[PDB]
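Here you get one chain, nothing else, as structure tokens; it is the form deposited in one PDB entry.
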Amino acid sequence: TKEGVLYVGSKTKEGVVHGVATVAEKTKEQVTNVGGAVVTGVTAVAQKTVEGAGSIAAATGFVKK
């Protein structure tokens, strides 16, 4: 009934990858928030599947009071 194919094929000679960098000097509040996965690579694949009537996905930095 439901079918799916994902095909990734890659060739490279040289690859340099810098993923997620968070840097702070003298700061008070700094937030990095990722609701999914973090994937970093010469070849990078992220696949997510959710099956269900009432799926809730929520992602927020910060809540005060």
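Each residue number is its position in the shown sequence, starting from 1. Residues that one form lacks are left out of the comparison. Take the two forms, find the largest set of C-alpha atoms that superpose within 1.5 Å, and that set is the rigid core.
The same protein also exists as the form deposited in another entry; that form is not shown, yet it is the one meant from here on.
When the two forms are overlaid on the rigid core, CA displacement between this form and the one not shown of 2 Å or more is confined, within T22, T12, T43, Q47, to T22. Panel note: the distance between the CA atoms of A59 and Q47 is larger in the other form than in this form, the difference being 3 Å or more. Inter-residue distance, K48 to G35 (Cα): increased by at least 3 Å in the other form versus the depicted form. Here is what shifts between this form and the one not shown when you lay the two on the core: runs of at least 3 residues, every Cα off by 2 Å or more, at 22-36, 49-64.
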